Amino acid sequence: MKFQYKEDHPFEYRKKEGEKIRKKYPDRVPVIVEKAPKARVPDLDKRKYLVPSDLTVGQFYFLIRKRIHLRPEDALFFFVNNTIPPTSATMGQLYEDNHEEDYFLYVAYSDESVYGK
């Protein structure tokens, strides 16, 4: 799972930005959101999102879905570490469980249930 954010910036740059933003907004988690490769979905212009920690993963799904102008009826899947997260988790829990050493949570989205298909 490649992220343009990581290709664009070294680890030290990312971690400095991750710790800064985690201190500036403690009630929020920083999330990189990019389209998965070979995905048949609209692209997201912006990839850096600050998401409230008590937001459910499902509500976060809805927010990204509206940013790419899809309806609830459109096939849309989200991936963290190549697995689809549980809907009822909070974004804080997902962040605490999956954030990388640069303090970011990385999410990819696709129209297929398997990342990269």
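Numbers for residues come from their place in the sequence shown, where the first is 1. Rigid core (definition): largest C-alpha set, two forms, superposition within 1.5 Å.
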- 80 to 88 against 66 to 74 - segment lying farther from this form in 8 other deposited structures of this protein (CA RMS, rigid core fit): 66 to 74
- Could you say which moves further from this form in 8 other deposited structures of this protein, stretch 51 to 59 or stretch 37 to 45, by root mean square CA distance after aligning on the core? 37 to 45
- Query: Can you tell me which stretch has the higher mean Cα B-factor, 104 to 112 or 6 to 14?
  - Reply: 6 to 14
- Query: If you average the Cα B factors in the entry, which is higher, 24 to 32 or 65 to 73?
  - Reply: 24 to 32
- Task: Compare the C-alpha B factor of residue 59 with those of the other modelled residues in its chain, then answer lowest, middle or highest third.
- Result: middle
- Message: How does the C-alpha B factor of residue 84 compare with the rest of the chain: lowest, middle or highest third?
- Response: lowest
